[PDB]
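Colleague: This structure is in structure tokens; I'll ask about it shortly.
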Amino acid sequence: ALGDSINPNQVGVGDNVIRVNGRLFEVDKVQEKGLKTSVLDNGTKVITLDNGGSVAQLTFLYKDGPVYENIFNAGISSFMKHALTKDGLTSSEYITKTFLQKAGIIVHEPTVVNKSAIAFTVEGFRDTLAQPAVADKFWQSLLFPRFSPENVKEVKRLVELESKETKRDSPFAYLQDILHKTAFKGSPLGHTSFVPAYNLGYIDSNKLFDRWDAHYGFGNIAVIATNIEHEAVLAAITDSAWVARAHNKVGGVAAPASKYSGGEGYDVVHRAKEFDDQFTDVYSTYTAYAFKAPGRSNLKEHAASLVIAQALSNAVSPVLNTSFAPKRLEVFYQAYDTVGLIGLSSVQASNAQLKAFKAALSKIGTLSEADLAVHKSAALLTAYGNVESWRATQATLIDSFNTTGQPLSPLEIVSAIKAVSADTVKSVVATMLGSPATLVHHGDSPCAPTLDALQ
Amino acid sequence: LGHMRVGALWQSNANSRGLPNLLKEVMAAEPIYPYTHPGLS
Amino acid sequence: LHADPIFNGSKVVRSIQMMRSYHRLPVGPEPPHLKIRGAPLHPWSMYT
Amino acid sequence: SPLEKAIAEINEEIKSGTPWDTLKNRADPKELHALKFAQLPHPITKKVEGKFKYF
Amino acid sequence: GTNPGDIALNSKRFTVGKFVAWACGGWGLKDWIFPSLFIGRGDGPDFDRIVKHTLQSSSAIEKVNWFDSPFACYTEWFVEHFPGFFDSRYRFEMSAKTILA
Amino acid sequence: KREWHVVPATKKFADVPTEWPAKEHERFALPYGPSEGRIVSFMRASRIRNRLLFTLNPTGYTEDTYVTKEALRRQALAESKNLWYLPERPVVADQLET
Amino acid sequence: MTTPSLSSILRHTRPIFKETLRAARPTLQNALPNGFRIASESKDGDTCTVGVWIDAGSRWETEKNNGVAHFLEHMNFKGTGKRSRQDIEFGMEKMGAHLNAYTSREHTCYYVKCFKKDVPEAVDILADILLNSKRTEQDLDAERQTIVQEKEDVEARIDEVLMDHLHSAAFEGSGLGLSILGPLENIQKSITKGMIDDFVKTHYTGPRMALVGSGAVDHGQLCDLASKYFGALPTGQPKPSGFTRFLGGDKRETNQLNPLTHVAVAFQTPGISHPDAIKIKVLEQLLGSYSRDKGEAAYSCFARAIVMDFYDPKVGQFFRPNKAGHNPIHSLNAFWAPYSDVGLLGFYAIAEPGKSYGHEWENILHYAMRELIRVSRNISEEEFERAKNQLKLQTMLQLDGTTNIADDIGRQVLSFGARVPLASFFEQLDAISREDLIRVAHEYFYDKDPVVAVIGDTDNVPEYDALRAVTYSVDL
Amino acid sequence: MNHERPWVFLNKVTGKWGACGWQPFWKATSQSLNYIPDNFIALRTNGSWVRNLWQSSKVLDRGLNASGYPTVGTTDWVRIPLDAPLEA
Amino acid sequence: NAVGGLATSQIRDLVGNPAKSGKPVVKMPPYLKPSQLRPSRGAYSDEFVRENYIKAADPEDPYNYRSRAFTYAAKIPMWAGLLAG
Amino acid sequence: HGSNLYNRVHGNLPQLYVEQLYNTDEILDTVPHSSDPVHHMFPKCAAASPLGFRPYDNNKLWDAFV
Ligand SMILES: CCCCCCCCCCCCCCCCCC(=O)OC[C@H](COP(=O)([O-])OCC[N+](C)(C)C)OC(=O)CCCCCCCCCCCCCCCCC
């Protein structure tokens with residue numbers, strides 16, 4: 001105890017322990033709040049959603065992505081995805097990552113969220129993330145870059161591998177890339193998420209520095225936390241000397257809106273001649289049949305679209321799932337600011353299948369209040385599943401803040417899903433079917449369905 | 001210099017061991033008010 | 001809620017670890033030193 | 001006094017007996033120790049020993 | 001009044017410690033060849049005696065605040081070496097309580 | 001959610017010196033290169049010789065309490081929490097080097 | 001590169017590990033006189049996961065009915081005496097839920113995520129499919145082709161094929177070394193209604209089944225339902241207790257057209273219920289993991305030793321420098337696969353095949369085995385602490401969501417007999433000694449026979465004999 | 001040293017129980033005056049297992065249906081831990 | 001049958017089950033029809049190797065200490081003869 | 001044990017400890033302080049006995065030799 005030459009184990013129970021009619025109990029307090037938001041006087045915005053869990057995630061959101069590129073910069077954001085994580089001016093890659101990894105912190109690979117921002121996410125016990133050193137390292141990375149040529153060469157190798165692997169191992173993700181590229185033909189949402197071949201040689205340190213200067217500004221950075229008390233977060237990202245040593249400037253970047261074509265339309269690749277057939281699928285054609293759907297701008301229409309997407313997904317996917325069920329279909333709902341896509345991506349698609357999907361959507365249109373209860377319940381089950389998970393909470397916060405600029409806790413979405421109305425869903429489906437389709441073909445085979453054969 | 005103590009407050013060293021608190025040794029984790037203040041919250 | 005240490009503080013324990021009078025003989029109400037054939041030895045005996 | 005009450009209660013309780021006097025079904029300690037050594041892994045060699053070994 | 005330390009590294013048949021003991025004092029061939037007589041039962045806690053003394057005790061074991069006191073870490077030593085420990089401890093604690101009352 | 005409260009960015013970094021070069025550079029100035037002469041620099045390069053360096057003074061600073069002009073300069077810069085003082089890492093030595 | 005690097009001159013601040021310990025509600029458990037167990041962990045919420053965990057995987061097959069466990073899983077969903085497949089699907093759809101079945105080598109589970117108001121109906125459907133399902137030959141003949149397609153699909157997953165190779169090599173002559181789905185010839189012709197019925201009768205017994213509830217659930221209600229439905233299960237014969245011998249060796253599949261090479265090297269370890277389980281977990285976290293996106297930022301002595309030889313200029317006195325063009329490692333991961341009897345502890349490396357008859361894989365395995373020997377001889381205190389903290393965090397990271405919590409509860413109930421409280425687990429994690437960890441590492445790594453699985457360009461991956469000669473050093 | 005906490009063997013067919021645990025032991029020599037041995041049978045515990053055993057004795061001797069407890073090898077003995085008092 | 005007005009099962013049967021395109025079929029030259037000319041195995045079958053080459057298991061020795069000890073002891077005389085020679 | 005220099009400097013007559021930055025050992029030739037740690041006779045035995053340990057371990061070669 002608090003003695004000299006006294007057994008350290010010679011200590012009694014804590015002062016917060018009581019013994020009542022035998023077995024002992026403990027006394028403690030209460031904590032936690034809802035969703036909280038703040039803005040630093042230099043422009044940075046902080047969003048927090050505490051839930052009382054012991055594991056926390058901290059994300060630095062940096063505003064850059066395909067929607068900010070042009071045909072000559074295509075893919076530059078991908079370099080920015082990695083260049084910022086490599087050696088900087090004041091901390092190399094070895095210093096930061098190891099220092100974070102040896103501190104029991106999981107460092108995730110940076111990602112592009114809504115084609116408009118880059119998230120650098122870190123995961124660990126809240127107490128380890130609340131200390132002002134992790135945030136300090138992220139500030140160093142974002143504010144004092146170096147963009148060394150050898151690091152740029154490494155990033156070129158990484159982006160080549162990413163594109164090739166996604167094409168080979170994630171044919172549905174590549175199909176989504178094609179779907180957006182042809183969906184929003186002459187608009188920012190139609191830019192490519194992968195570096196095109198030519199630009200692989202063109203992007204270098206000077207271009208990266210020019211883009212960093214263009215996108216510089218504390219207004220292009222946000223902090224999002226999911227199991228850290230708000231005040232602690234403010235105590236962590238404001239103790240950095242490097243923030244005080246950086247040029248103070250609020251610099252925003254804006255991108256235009258989008259329109260929608262997609263099409264009876266096609267990206268040709270002979271997979272059987274590109275990859276070895278044993279450990280990848282090389283004899284399939286990937287068809288994405290998509291319609292225009294509302295974005296996150298209007299919460300009511302977004303909740304209606306969520307209900308519609310859940311209804312479509314449950315009516316197609318098997319109810320009884322086995323261990324090794326293959327992946328042949330996916331019902332996707334990609335929601336953006338003021339525009340979105342909802343559709344079905346499949347292999348070996350058929351005109352009969354796509355007609356059935358369209359008819360199912362139309363049938364969903366005509367449902368009544370009583371018939372909408374079942375689908376609302378299924379959507380609520382999914383929404384609660386998102387509410388109960390810290391990873392899902394972080395994803396929802398990032399998406400809601402990025403697309404609209406107004407955070408939205410998963411629980412709030414629940415309140416919006418059970419306020420959905422039959423009239424709202426009817427209007428939403430009328431909007432969906434009142435515009436041309438996207439029959440974005442990708443694959444190889446010539447027997448693929450065509451829009452003239454559907455509509 | 002190792003672990004230098006700060007302040008000359010009391011430490012249970014060989015010369016000084018202090019006056020034992022038998023009340024806390026016996027009534028460990030059990031409140032005293034049930035006996036000194038019966039029937040009061 | 002933890003105050004400056006004092007010698008008569010609330011968190012001071014009896015000294016039963018550190019030996020002071022090693023060569024004493026405890027005295028008080030104590031059992032007779034009975035001797036039996038085969039029974040297990042008493043803890044408080046010179047034999048173990 | 002509460003001390004007197006407690007002493008009297010204990011005195012009355014011991015008349016009924018104690019587990020060492022009332023428990024009927026109880027194995028000898030030698031059988032239990034033999035079973036421990038013959039079936040459970042040794043905490044040093046991390047394997048099951050046949051019997052008790054000094055080294 | 002002895003802490004064995006690390007049981008793992010002292011249970012081996014041949015050890016630097018045992019050879020040093022043989023050379024200078026404390027160990028020898030009599031210990032390897034005849035462990036029944038020169039190591040014998042050995043010195044350590046007696047589970048069987050602890051169980052006997054625990055089961056001989058009355059309900060005073062339930063009603064005693066011993067397990068939360070700073071001396072709870074000495075429970076087995078006293079249970080083994082203090083026959084009738086819990087009854088005496090219960091009388092001691094009730095004496096303190098009645099003085100308090 | 002809809003309301004963004006305004007929080008100061010770096011309150012800890014107001015009212016700290018921000019002038020680089022600072023005033024310490026005036027006090028602890030070394031216009032003649034290293035502050036220790038050749039012989040002195042020869043005696044501090046060996047653990048044995050170093051003991052003789054201070055033992056020549058029967059009553060002088062020991063090898064543990066002895067400080068140099070550069071060391072005092074760094075201490076003075078660190079004590080004043082100047083914004084533009086980037087701390088430097090002392091040369092870390094592995095086993096054999098030591 | 002005119003921009004200086006101040007990181008080489010600056011003094012950096014080191015974050016330290018400080019854990020967060022939120023007290024969760026204790027996991028209650030009860031047992032019917034039949035022996036069927038009921039485990040439940042309740043938490044505030046609106047959704048709950050209710051499932052049945054069964055302790056009968058594919059580990060109990062003798063190559064005459066290999067894959068019968070998976071066939072049974074597919075057959076349970078084809079209708080019961082009361083309901084049909086359409087009725088079961090309709091019930092699930094009305095509840096707005098999905099019924100997931102997962103089959104492993106030593107565990108199966110059927111679970112449903114639902115609202116707290118659908119718990120009795122979910123338990124009813126689970127009992128209906130598990131106990132009262134009729135498995136007729138016609139349906140058995142109508143699922144053979146779907147299972148064949150599933151076999152062809154799972155054969156295309158490189159990681160799963162590699163782990164199947166590792167188990168086939170390690171455990172030959174026992175069901176633990178057979179594939180879950182089984183031979184194609186068994187799928188199409190051999191497995192029969194008789195085999196399925198024997199498997200169900202032998203392995204779906206009382207004391208080998210648990211009903212697990214996680215989330216907004218009531219333990220008393222769960223117990224009442226379990227007595228109502230699962231109280232009639234037989235107290236069948238005990239789980240088989242045989243000897244599964246570990247055979248050091250190699251299983252190498254040659255495919256020179258593959259873009260990446262996968263190499264898994266594993267060593268025999270005791271089971272999951274052995275007292276060395278926590279020490280083996282700490283070893284697994286000590287070897288750590290590495291991904292290509294980190295570059296030189298490898299936080300373990302193991303991965304780092306294997307990575308820095310592709311950044312070392314390799315300048316020598318009498319030989320020309322030989323620096324690799326680029327780092328070829330795609331990933332390194334330490335894994336531990338335990339089973340009630342045995343275990344496989346090792347590493348899994350994915351890297352480019354490289355120039356034909358190169359030295360990349362020779363170097364990779366050279367340094368991997370050197371690091372294994374080194375940790376067998378000595379471990380540093382700072383890396384010991386890192387490994388323990390990472391084990392804490394990893395154990396906590398797996399408990400995200402009611403379904404994951406229920407899976408953990410069920411697996412621990414089937415393995416250890418009851419869920420170990422996290423605090424209790426952590427209590428045993430701060431009592432580990434560095435010397436004990438070194439002893440465990442030396443017992444199972446030094447001069448032992450490994451099992452190797454290779455998929456890819458085996459032209460460059462060293463053969464078994466060489467690998468057997470690097471598990472020890474002349475100096476020792 | 002870190003071994004298992006004391007447990008209770010219980011034989012089903014015979015219906016007979018008994019505590020057990022791992023007893024460390026060492027060669028006898030001089031003791032230490034300033035040291036009272038800690039809890040060695042139940043390491044890192046406040047020694048509650050004695051209280052749990054005393055409380056559970058009536059439960060066990062009365063006849064316990066321990067079919068929900070693991071067995072010891074192929075014998076008829078099952079292990080009951082003494083971490084918490086046994087009520088069933 | 002209808003879940004909230006939708007004949008989901010019907011939709012499933014029309015949407016949820018796309019056809020899977022497998023490997024192309026290779027026409028077999030008539031001289032390869034005999035089974036032994038298209039091998040699927042080496043010399044020995046598993047059963048054979050499990051009866052002749054694999055050692056008898058020792059359940060008390062799951063780490064092959066016996067085999068290691070025997071082989072190293074049997075190597076000792078070779079080194080001894082070479083050294084003396 | 002650990003030095004008491006902070007207290008000695010912040011004590012009541014710090015001028016007496018100016019000599020402690022010369023070539024001078026604290027334990028042997030410095031003015032004792034009111035709050036100094038208690039020094040024992042055989043510090044090895046004093047530190048080992050309360051932990052249950054004999055001062056010397058035969059397994060350590062250095063201790064065996066000593
Ligand atoms: C150096 C080249 C490489 C060599 C590698 C190893 C070669 C293969 C292994 C060795 C095989 C032969 C071992 C012979 C041992 C038996 C004889 C012996 O030594 O007796 C001891 C005994 C020892 O005698 P002693 O005198 O010491 O014994 C004491 C006896 N009292 C006390 C009674 C006096 O005899 C001798 O040593 C006699 C002298 C040496 C004899 C040499 C014999 C031939 C050696 C070569 C044979 C190999 C093939 C030919 C090679 C030719 C090369 C040019």
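Numbering starts fresh at 1 for the residues of each chain in the structure tokens, the chains themselves are lettered A, B, ... in the order given, and ligands are numbered from 1 as they appear.
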Select the residues contacting ligand 1 at a distance of at most 7 Å, based on only C-alpha atoms and all ligand atoms, then format the selection as a list in words.
Modeller: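 Checking only C-alpha atoms and all ligand atoms against ligand 1 at 7 Å gives residues 81, 82, 84 and 85 of chain I.
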Colleague: What lies within 8 Å of residue A:357 using only C-alpha atoms, ignoring chain neighbours under 5 positions off, as a list in words?
Modeller: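 Final neighbour list, sorted by chain and number: residues 344 of chain A; 11 and 15 of chain I.
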Colleague: Please dump the current selection as a tab-separated table (two decimals), in the first residue's frame; keep N, CA, C and O atoms.
Modeller:
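What ended up in result37.tsv:
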chain	number	residue	atom	x	y	z
A	344	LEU	N	-30.37	-2.51	-59.85
A	344	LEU	CA	-30.06	-3.93	-59.70
A	344	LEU	C	-28.85	-4.25	-60.56
A	344	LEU	O	-28.88	-4.04	-61.77
I	11	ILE	N	-41.44	-12.87	-57.56
I	11	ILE	CA	-40.39	-11.97	-58.03
I	11	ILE	C	-39.04	-12.63	-57.85
I	11	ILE	O	-38.20	-12.62	-58.75
I	15	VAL	N	-36.24	-12.99	-60.54
I	15	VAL	CA	-35.15	-12.03	-60.43
I	15	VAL	C	-33.98	-12.60	-59.63
I	15	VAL	O	-32.82	-12.35	-59.98
Colleague: Can you pull out every residue within 10 Å of residue D:28, counting only C-alpha atoms, but drop anything in the same chain fewer than 5 positions away, and send it as number ranges by chain?
Modeller: D: 33; E: 48; H: 16-19
Colleague: Keeping C-alpha atoms, export the residues of the selection given above as a PDB file, in the first residue's frame.
Modeller:
ATOM      1  CA  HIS D  33      -5.455 -35.512  -5.928  1.00  0.00           C
TER       2      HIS D  33
ATOM      3  CA  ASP E  48      -6.550 -30.258   2.548  1.00  0.00           C
TER       4      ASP E  48
ATOM      5  CA  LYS H  16     -19.798 -37.681  -4.683  1.00  0.00           C
ATOM      6  CA  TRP H  17     -17.986 -34.356  -4.645  1.00  0.00           C
ATOM      7  CA  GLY H  18     -14.819 -32.805  -3.297  1.00  0.00           C
ATOM      8  CA  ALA H  19     -12.730 -29.669  -3.621  1.00  0.00           C
TER       9      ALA H  19
END
Colleague: Under the rule of at most 12 Å, produce a per-residue listing of chain E near chain J: chain, number, name, the closest pair of atoms, and the distance in Å, as CSV, using only C-alpha atoms.
Modeller:
residue,atom,partner,partner_atom,distance
E:1,CA,J:52,CA,6.1
E:2,CA,J:52,CA,4.7
E:3,CA,J:52,CA,4.7
E:4,CA,J:53,CA,7.9
E:5,CA,J:53,CA,7.7
E:6,CA,J:59,CA,11.3
E:9,CA,J:59,CA,8.9
E:10,CA,J:59,CA,8.6
E:12,CA,J:59,CA,11.8
E:14,CA,J:59,CA,11.2
E:15,CA,J:59,CA,7.5
E:16,CA,J:59,CA,5.4
E:17,CA,J:59,CA,4.1
E:18,CA,J:58,CA,7.6
E:19,CA,J:58,CA,8.8
E:20,CA,J:58,CA,6.3
E:21,CA,J:58,CA,7.1
E:22,CA,J:58,CA,10.5
E:23,CA,J:64,CA,10.4
E:24,CA,J:64,CA,9.2
E:25,CA,J:58,CA,10.4
E:26,CA,J:58,CA,10.2
E:27,CA,J:58,CA,11.1
Colleague: Could you pull the residues within 12 Å of residue J:12, counting only C-alpha atoms, minus those fewer than 6 positions along the same chain, as a PDB file with N, CA and C atoms, in the first residue's frame?
Modeller:
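To be explicit, this is the file written out as around_35.pdb:
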ATOM      1  N   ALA B   8       7.035  16.784   1.992  1.00  0.00           N
ATOM      2  CA  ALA B   8       7.425  15.977   3.139  1.00  0.00           C
ATOM      3  C   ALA B   8       6.223  15.400   3.871  1.00  0.00           C
TER       4      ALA B   8
ATOM      5  N   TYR J   6      14.843  17.099  -4.343  1.00  0.00           N
ATOM      6  CA  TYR J   6      13.818  18.117  -4.527  1.00  0.00           C
ATOM      7  C   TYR J   6      13.419  18.723  -3.192  1.00  0.00           C
ATOM      8  N   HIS J  33      18.356  15.223   6.037  1.00  0.00           N
ATOM      9  CA  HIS J  33      17.166  16.048   5.920  1.00  0.00           C
ATOM     10  C   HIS J  33      16.016  15.427   6.700  1.00  0.00           C
ATOM     11  N   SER J  34      15.091  16.278   7.138  1.00  0.00           N
ATOM     12  CA  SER J  34      13.976  15.810   7.951  1.00  0.00           C
ATOM     13  C   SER J  34      13.174  14.726   7.246  1.00  0.00           C
ATOM     14  N   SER J  35      13.060  14.799   5.921  1.00  0.00           N
ATOM     15  CA  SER J  35      12.213  13.895   5.153  1.00  0.00           C
ATOM     16  C   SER J  35      13.014  12.876   4.355  1.00  0.00           C
TER      17      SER J  35
END
Colleague: Given the choices H:3, H:79, H:51, H:62, which gets closest to chain A if the distance is worked out from only C-alpha atoms?
Modeller: H:51
Colleague: With a distance cut-off of 9 Å and only C-alpha atoms, select the neighbouring residues of residue F:69, excluding the residue or stretch itself and same-chain residues fewer than 3 positions from it, and output the selection as a list in words.
Modeller: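 Residues near the query, excluding close chain neighbours: residues 28, 29, 30, 34, 35, 36, 72, 73 and 74 of chain F.
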Colleague: Keeping only N, CA, C and O atoms, take the residues you just selected and write them out as a PDB file, in the first residue's frame.
Modeller:
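Saved as again.pdb:
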ATOM      1  N   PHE F  28      22.353  33.891 -25.544  1.00  0.00           N
ATOM      2  CA  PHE F  28      23.227  32.736 -25.727  1.00  0.00           C
ATOM      3  C   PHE F  28      23.717  32.686 -27.174  1.00  0.00           C
ATOM      4  O   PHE F  28      23.310  31.853 -27.980  1.00  0.00           O
ATOM      5  N   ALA F  29      24.628  33.598 -27.485  1.00  0.00           N
ATOM      6  CA  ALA F  29      25.194  33.711 -28.820  1.00  0.00           C
ATOM      7  C   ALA F  29      26.602  33.137 -28.832  1.00  0.00           C
ATOM      8  O   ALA F  29      27.392  33.382 -27.916  1.00  0.00           O
ATOM      9  N   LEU F  30      26.915  32.383 -29.882  1.00  0.00           N
ATOM     10  CA  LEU F  30      28.200  31.703 -30.022  1.00  0.00           C
ATOM     11  C   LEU F  30      28.823  32.115 -31.345  1.00  0.00           C
ATOM     12  O   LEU F  30      28.899  31.321 -32.289  1.00  0.00           O
ATOM     13  N   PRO F  34      32.187  26.459 -31.663  1.00  0.00           N
ATOM     14  CA  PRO F  34      31.994  25.739 -30.401  1.00  0.00           C
ATOM     15  C   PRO F  34      32.565  26.518 -29.226  1.00  0.00           C
ATOM     16  O   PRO F  34      33.600  27.176 -29.335  1.00  0.00           O
ATOM     17  N   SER F  35      31.867  26.444 -28.095  1.00  0.00           N
ATOM     18  CA  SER F  35      32.222  27.228 -26.922  1.00  0.00           C
ATOM     19  C   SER F  35      33.410  26.662 -26.158  1.00  0.00           C
ATOM     20  O   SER F  35      33.961  27.362 -25.302  1.00  0.00           O
ATOM     21  N   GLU F  36      33.822  25.433 -26.447  1.00  0.00           N
ATOM     22  CA  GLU F  36      34.869  24.751 -25.699  1.00  0.00           C
ATOM     23  C   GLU F  36      36.121  24.631 -26.556  1.00  0.00           C
ATOM     24  O   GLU F  36      36.049  24.204 -27.712  1.00  0.00           O
ATOM     25  N   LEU F  72      22.672  25.292 -22.232  1.00  0.00           N
ATOM     26  CA  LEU F  72      21.908  26.346 -21.579  1.00  0.00           C
ATOM     27  C   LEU F  72      21.048  27.102 -22.579  1.00  0.00           C
ATOM     28  O   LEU F  72      19.934  27.520 -22.254  1.00  0.00           O
ATOM     29  N   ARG F  73      21.549  27.299 -23.795  1.00  0.00           N
ATOM     30  CA  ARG F  73      20.752  27.950 -24.827  1.00  0.00           C
ATOM     31  C   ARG F  73      19.498  27.146 -25.135  1.00  0.00           C
ATOM     32  O   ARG F  73      18.395  27.698 -25.221  1.00  0.00           O
ATOM     33  N   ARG F  74      19.650  25.833 -25.311  1.00  0.00           N
ATOM     34  CA  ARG F  74      18.486  24.998 -25.588  1.00  0.00           C
ATOM     35  C   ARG F  74      17.511  25.018 -24.420  1.00  0.00           C
ATOM     36  O   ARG F  74      16.294  25.099 -24.619  1.00  0.00           O
TER      37      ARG F  74
END
Colleague: Just asking: which residues within chain H are strand (DSSP E) according to DSSP, as a list in words?
Modeller: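 Those residues are residues 7, 8, 9, 10, 11, 16, 17, 18, 19, 20, 77, 78, 79, 80 and 81 of chain H.
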Colleague: Name the residues of chain B that come out as helix (DSSP H, G or I) in a backbone DSSP run; write them as a VMD selection string.
Modeller: chain B and resid 22 to 26 33 to 36
Colleague: Output N, CA and C atoms for every residue in that selection, as a PDB file, in the first residue's frame.
Modeller:
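And here's out-v7.pdb as it stands now:
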ATOM      1  N   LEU B  22      -8.841   0.811  13.297  1.00  0.00           N
ATOM      2  CA  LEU B  22      -9.554  -0.444  13.477  1.00  0.00           C
ATOM      3  C   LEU B  22     -10.979  -0.355  12.968  1.00  0.00           C
ATOM      4  N   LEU B  23     -11.591   0.823  13.044  1.00  0.00           N
ATOM      5  CA  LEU B  23     -12.965   0.954  12.580  1.00  0.00           C
ATOM      6  C   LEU B  23     -13.067   0.669  11.090  1.00  0.00           C
ATOM      7  N   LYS B  24     -12.108   1.157  10.307  1.00  0.00           N
ATOM      8  CA  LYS B  24     -12.123   0.868   8.882  1.00  0.00           C
ATOM      9  C   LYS B  24     -11.664  -0.548   8.587  1.00  0.00           C
ATOM     10  N   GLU B  25     -10.758  -1.097   9.395  1.00  0.00           N
ATOM     11  CA  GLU B  25     -10.360  -2.486   9.176  1.00  0.00           C
ATOM     12  C   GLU B  25     -11.528  -3.438   9.398  1.00  0.00           C
ATOM     13  N   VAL B  26     -12.352  -3.174  10.410  1.00  0.00           N
ATOM     14  CA  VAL B  26     -13.467  -4.063  10.717  1.00  0.00           C
ATOM     15  C   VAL B  26     -14.648  -3.790   9.795  1.00  0.00           C
ATOM     16  N   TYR B  33     -23.320   4.130   9.357  1.00  0.00           N
ATOM     17  CA  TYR B  33     -24.534   4.835   9.738  1.00  0.00           C
ATOM     18  C   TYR B  33     -25.670   3.893  10.119  1.00  0.00           C
ATOM     19  N   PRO B  34     -25.721   2.671   9.591  1.00  0.00           N
ATOM     20  CA  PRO B  34     -26.712   1.717  10.107  1.00  0.00           C
ATOM     21  C   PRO B  34     -26.576   1.458  11.594  1.00  0.00           C
ATOM     22  N   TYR B  35     -25.388   1.644  12.163  1.00  0.00           N
ATOM     23  CA  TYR B  35     -25.164   1.455  13.590  1.00  0.00           C
ATOM     24  C   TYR B  35     -25.131   2.762  14.364  1.00  0.00           C
ATOM     25  N   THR B  36     -24.565   3.823  13.792  1.00  0.00           N
ATOM     26  CA  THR B  36     -24.520   5.106  14.484  1.00  0.00           C
ATOM     27  C   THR B  36     -25.765   5.953  14.249  1.00  0.00           C
TER      28      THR B  36
END
Colleague: I'd like a table as JSON lines: residues in chain G with an atom no more than 9 Å from chain D, each row giving the shortest atom pair and its distance in Å to one decimal, only C-alpha atoms counted, sorted by chain and rising residue number.
Modeller:
{"residue": "G:274", "atom": "CA", "partner": "D:41", "partner_atom": "CA", "distance": 8.2}
{"residue": "G:275", "atom": "CA", "partner": "D:46", "partner_atom": "CA", "distance": 7.8}
{"residue": "G:276", "atom": "CA", "partner": "D:46", "partner_atom": "CA", "distance": 7.9}
